[PDB]
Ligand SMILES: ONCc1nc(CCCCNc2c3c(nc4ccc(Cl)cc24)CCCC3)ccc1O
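Given next, in structure tokens, is a single chain: the form deposited without the ligand.
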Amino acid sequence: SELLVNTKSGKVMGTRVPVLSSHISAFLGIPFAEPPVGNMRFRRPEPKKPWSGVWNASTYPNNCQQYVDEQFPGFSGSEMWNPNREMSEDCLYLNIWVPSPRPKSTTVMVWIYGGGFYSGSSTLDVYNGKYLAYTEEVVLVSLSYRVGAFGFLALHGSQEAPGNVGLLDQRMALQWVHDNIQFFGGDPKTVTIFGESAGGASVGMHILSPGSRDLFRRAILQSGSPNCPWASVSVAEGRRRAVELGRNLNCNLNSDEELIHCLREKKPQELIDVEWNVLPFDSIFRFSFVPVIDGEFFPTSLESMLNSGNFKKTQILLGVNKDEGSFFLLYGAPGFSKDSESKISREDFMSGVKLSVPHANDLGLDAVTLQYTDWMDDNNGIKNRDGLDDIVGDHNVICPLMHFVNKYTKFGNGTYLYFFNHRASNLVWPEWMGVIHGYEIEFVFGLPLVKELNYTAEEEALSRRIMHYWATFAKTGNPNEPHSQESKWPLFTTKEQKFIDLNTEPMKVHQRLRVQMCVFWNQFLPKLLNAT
């Protein structure tokens, strides 16, 4: 039977699903690790024990325990990102969409969801792999991993909460794909991992971490890189936040054992209710429990790894969205509102700058303000709004990714860069937010191909192009069709630094994506803060 598969962990029973008036197979909720509950909380994941009988993989699994956004009850715009299944600590499962008839040895794509390392689910509607698996004929896999304190509590030096266990979760899911995808028709020597936001940062971390390098062939990073100021902390800051977490729940703090044990007796929602109280500064775009430079998963500091070429050399395709920051300003900066043009005063502008660059002294805050202010029109509400929007995106997503791509390209075997600047016609968020963080995802998964979702004809065409780029790159290491007649996505080189825009207009090639600012955020400011 096409829906029955015999893996090294036991038999699995999938289900048939309709897609664009056709059908493909889907194996939902396959376990890849033992449930990380009770004594296992905060602990490294263990391989799932083989099982007899047939595993029913016809329905989505639960979502990991996480913080749930309630800033806009009912609003589809924000609820489409919330967990759509019962949350549970028993969350380590993966999903597979296989073409029909079943392939013999085709290209594999493993998706890693984003969510600031504090949220995310593989089961969201925007992550339905059926459209992509169907249209491009690839085996699509979406894994899951623990988030928040459950996957990133770090008390370096102990084995009960070593840290980075959330990344080990992803690595284990990849280990399973490596050992079993052949039974689903996938080629294990041709797996491409791709993700967005924290997922894009995760993908870059597997490229850097020695223990993950051999588990995949290529990588796609969307709006996120391993060296983002929010994606990781020192073992010291990790320890500091873990303890403060314990202090908010009145736990015995005399020893790691004392603290960990107390945290293991707590109900999931009890740790989530106080999770945001441990941040060191009043800030925007910063999260409590994230990966930590421990000397294990990451041998040394990330910057020295990037300079010494200490990372997997292969091809990578990555890019960013035009307005990466508007989302975090809406939820956390004074002056912004979902229902207004949000014109910002000088007052709120400088107030927002303090929230965006939390680790900066006054001299630094002044440097940023000078770099993003037009003194010929300093009280222009729309210029201060977009200025604040650029700052948040540049510092948190764009400038950090450009530093990675430039460091990587010096040792890699091929880089392809894009700038996504098309605002979907059906977006429910206000206009001032522009091309929002995470909204290029829907084009990657092909949602525009389904009429009932209401996209335009040009938006459907754009989705097929992107899907064909991502898929063609996954298979060959180049997003372009060998002998095509279409426009060529030029390769990004240390010298030219070419990149393309991704929208519904005739492709255009550009150079040096936001260099002026990237030099400010990657060369000048760091130096300023270190001297002063």
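For every residue, the number given is its place in the sequence shown, counted from 1.
Omitted here: the form deposited with the ligand bound. The next part is about that form.
K.L.:
Any chance all of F404, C518 and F524 sit within 4.5 Å of the ligand in the deposited bound form, going by non-hydrogen atoms?
P.N.:
Negative, none of the three is within 4.5 Å.
K.L.:
If the cut-off is 4.5 angstroms on heavy atoms, which of these, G335, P299, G332, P103, is the one near the ligand in the deposited bound form?
P.N.:
For this set of options, the contacting one is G332.
K.L.:
Counting any non-hydrogen atom inside 4.5 Å, which residue from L249, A360, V235, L279 sits next to the ligand in the deposited bound form?
P.N.:
Going through each option in turn, the one that passes is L279.
K.L.:
With the partner removed from view, which of 165-173, 375-383, 280-288, 92-100 is the stretch that lies within 4.5 Å of the ligand in the deposited bound form, judged by heavy atom distances?
P.N.:
Result of the contact check: 280-288.
K.L.:
Do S304 and the ligand come within 4.5 Å of each other in the deposited bound form, heavy atoms counted?
P.N.:
It does not: once the ligand is placed as it appears in the deposited bound form, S304 has no heavy atom within 4.5 Å of it.
K.L.:
Can any non-hydrogen atom of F32 be found within 4.5 angstroms of the ligand in the deposited bound form?
P.N.:
Looking in the deposited bound form, residue contacts with the ligand do not include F32, since no heavy atom lies within 4.5 Å.
K.L.:
Evaluate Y118 for contact with the ligand in the deposited bound form, applying a 4.5 angstroms cut-off between non-hydrogen atoms, and reply yes or no.
P.N.:
Judged by the heavy-atom cut-off of 4.5 Å, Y118 is in contact with the ligand in the deposited bound form.
K.L.:
Quick check on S255: any heavy atom within 4.5 Å of the ligand in the deposited bound form?
P.N.:
No, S255 sits far enough from the ligand in the deposited bound form that none of its heavy atoms falls within 4.5 Å.
K.L.:
Listed by sequence position, which residues of 43-80 have a non-hydrogen atom within 4.5 angstroms of the ligand in the deposited bound form?
P.N.:
Heavy-atom contacts to the ligand in the deposited bound form: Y67, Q71.
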